[PDB]
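The block underneath contains the structure these notes are about, expressed in structure tokens.
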Amino acid sequence: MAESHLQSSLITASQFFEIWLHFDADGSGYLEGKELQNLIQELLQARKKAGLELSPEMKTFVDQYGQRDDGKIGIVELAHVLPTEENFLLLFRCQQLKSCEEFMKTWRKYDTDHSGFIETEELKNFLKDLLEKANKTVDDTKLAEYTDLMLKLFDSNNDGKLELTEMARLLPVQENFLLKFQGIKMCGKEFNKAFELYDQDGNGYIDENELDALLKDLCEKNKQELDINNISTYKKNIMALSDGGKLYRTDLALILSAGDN
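Taking the deposited numbering, the leading residue of the sequence shown gets 1, the next gets one more, and so forth.
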């Protein structure tokens, strides 16, 4: 299949997601390291076989990732490795364009007062906002393939909505608190209760401070994913989805919800 779509056309997100899924054996929602040496090995092949020289990015993705055995890649890394959508990717990397933790700040803006996951009509609208960011307005071919990959590659329960791990899979794992935040999954139930704990005034609202008060649990819970150094930062990022410096938990829960859906 790769061999066909890899160097076939500018393939959409589910396709490139499939081609990459081909080697994405551990289905960890990310290409592995060896799988990368195994995938990237198929890339240079898709080129040699499909009669296309390997693009500096594929040949380099291979030169770069051909040794990322102790490394992993998200949807965005592979999204643009293959010529799936040089245009749709503009929003694809919109997560990594300036910041992994910052873009997410914008992800919740349209999320209807930030429900914790975008909607079908909202996310479908969200991609548009991506268009607003790319300053190009990625055509239907760019944003649709995207709109769908958002709710599909992350389909919590298949409602049509969007959670973070999709945006987190297409976002920059490099500094994203999410890739660690997923494993950081306390539990939507502990989220609700801890949050309530952070809700010291009993007002139903958590501010960017409680956020670090949230992380304090987290770092002590997993210094492997939550460092008390970046914890204040982990409080900062969830904050990115909060409301006017005061967070409505519907924004944080998504950061570390086990996947309550």
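Backbone N, C-alpha and C fix where the C-beta goes; we use that ideal spot for every residue, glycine too.
- Take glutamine 45 and list the residues in its own chain whose beta-carbon comes closer than 6 Å to its own, dropping the five residues that flank it on each side. Here residue 45 refers to the residue found at position 45 of the sequence shown. Closer than 6 Å at Cβ, skipping near neighbours: no residue.
- Query: Expressed to the nearest angstrom, what Euclidean distance is found between the alpha-carbon atoms of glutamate 18 and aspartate 113?
  - Reply: Numbered from its first residue, the sequence shown carries residue 18 at position 18. Numbered from its first residue, the sequence shown carries residue 113 at position 113. Cα-Cα distance, rounded: 33 Å.
- Message: On a Cα-Cα basis, can you pick out the residue from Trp107, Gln7 and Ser28 that is closest to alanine 240?
- Response: Start at 1 with the first residue of the sequence shown, and residue 240 comes out as number 240. Among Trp107, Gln7 and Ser28, the Cα nearest to that of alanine 240 is on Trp107.
- Query: With distances taken between CB atoms, is the gap from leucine 211 to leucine 252 smaller than 8 Å?
  - Reply: Taking the sequence shown and counting its residues from 1, one reaches residue 211 at position 211. Taking the sequence shown and counting its residues from 1, one reaches residue 252 at position 252. It is a contact, given that the beta carbons lie within the stated cut-off.
- Assign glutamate 145 to one of two classes, buried (16 or more other C-beta atoms within 10 Å of its C-beta) or exposed (fewer than that). Here the question's residue 145 lines up with position 145 in the sequence shown. So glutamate 145 counts as buried.
- Integer-rounded CB distance, given that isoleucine 75 should sit under 8 Å from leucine 170: On the sequence shown, position 170 is the one that residue 170 refers to. On the sequence shown, position 75 is the one that residue 75 refers to. Confirmed, about 4 Å.
- Can you give the Cα-Cα distance for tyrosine 234 and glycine 51, rounded to whole angstroms? Working through the sequence shown from its first residue, we reach residue 234 at position 234. Working through the sequence shown from its first residue, we reach residue 51 at position 51. If I take the Cα positions, the gap works out to 46 Å.
- alpha helix (DSSP H) runs contained entirely in the region 10 to 84, provided each spans 4 or more residues: Qualifying alpha helix (DSSP H) stretches, in chain order: 13 to 23, 34 to 49, 56 to 65 and 75 to 81.
- What are the residues that DSSP puts in a beta bridge with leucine 214? Start at 1 with the first residue of the sequence shown, and residue 214 comes out as number 214. According to DSSP, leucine 214 bridges with nothing at all.
- Message: Taking the alpha-carbon of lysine 246 as reference, which of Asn230, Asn261, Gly204 and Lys223 has the nearest alpha-carbon?
- Response: Position 246 of the sequence shown, counted from the first residue, corresponds to residue 246. Comparing C-alpha distances from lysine 246 to each of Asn230, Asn261, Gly204 and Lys223 shows the shortest one belongs to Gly204.
- Item | Straight-line gap, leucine 10 to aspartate 140 (C-alpha atoms, nearest Å) | Indexing the sequence shown from 1 puts residue 10 at position 10. Indexing the sequence shown from 1 puts residue 140 at position 140. Going from the Cα of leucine 10 to the Cα of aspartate 140 covers about 13 Å.
- Do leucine 123 and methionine 150 have their CB atoms nearer than 8 Å? Sequence index remark: in the sequence shown, residue 123 carries index 123 (1-based). Sequence index remark: in the sequence shown, residue 150 carries index 150 (1-based). Against a cut-off of 8 Å, the Cβ pair of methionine 150 and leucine 123 comes out as a contact.
- Message: I believe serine 242 touches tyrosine 248 by the beta-carbon criterion, under 8 Å. Please report the beta-carbon distance rounded to the nearest angstrom.
- Response: Indexing the sequence shown from 1 puts residue 242 at position 242. Indexing the sequence shown from 1 puts residue 248 at position 248. Indeed they touch by this definition, with Cβ atoms about 7 Å apart.
- Item | Cβ-Cβ distance between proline 172 and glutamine 64 below 8 Å | Residue 172 sits at position 172 when you count from the first residue of the sequence shown. Residue 64 sits at position 64 when you count from the first residue of the sequence shown. No, they are not a contact pair.
- Query: Is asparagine 176 buried or exposed, if buried means 16 or more other CB atoms sit within 10 Å of its CB?
  - Reply: Here residue 176 corresponds to residue number 176 of the sequence shown, with the count starting at 1. Burial call: buried.
- Between the beta-carbon of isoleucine 184 and the beta-carbon of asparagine 158, is there less than 8 Å? Taking the first residue of the sequence shown as 1, we reach residue 184 at position 184. Taking the first residue of the sequence shown as 1, we reach residue 158 at position 158. Not in contact: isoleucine 184 and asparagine 158 (Cβ atoms no closer than 8 Å).
- Please state whether DSSP places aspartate 260 in a helix, a strand or coil. In the sequence shown, the residue the question calls residue 260 occupies position 260. Of the three classes helix, strand and coil, the one that applies to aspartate 260 here is coil, per DSSP.
- Item | Exposure label - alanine 25; buried when at least 16 CB within 10 Å | Taking the first residue of the sequence shown as position 1, residue 25 is located at position 25. Counting Cβ neighbours within 10 Å, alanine 25 comes out exposed, since fewer than 16 surround it.
- Report the residue from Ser115, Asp227 and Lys109 whose alpha carbon sits nearest the alpha carbon of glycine 244. Sequence index remark: in the sequence shown, residue 244 carries index 244 (1-based). It is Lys109.
- Message: Can you tell me which residues form a DSSP beta bridge with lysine 246?
- Response: As a first step, residue 246 is located in the sequence shown; it is residue number 246 there, counting from the start. Bridge pairing for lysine 246: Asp207 and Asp243 [DSSP].
- Item | Euclidean distance between Cα positions of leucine 31 and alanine 2 | Here residue 31 refers to the residue found at position 31 when the sequence shown is read from its first residue. Here residue 2 refers to the residue found at position 2 when the sequence shown is read from its first residue. Those two C-alpha atoms are separated by around 14 Å.
- Message: Measuring straight from C-alpha to C-alpha, what distance separates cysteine 94 and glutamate 190?
- Response: Along the sequence shown, one-based indexing puts residue 94 at 94. Along the sequence shown, one-based indexing puts residue 190 at 190. The C-alpha of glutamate 190 is placed about 31 Å away from the C-alpha of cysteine 94.
- May I have the straight-line CA-CA distance separating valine 138 from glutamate 102, to the nearest angstrom? As a working mapping, residue 138 is identified with position 138 in the sequence shown. As a working mapping, residue 102 is identified with position 102 in the sequence shown. Approximately 21 Å between the Cα atoms of the pair.
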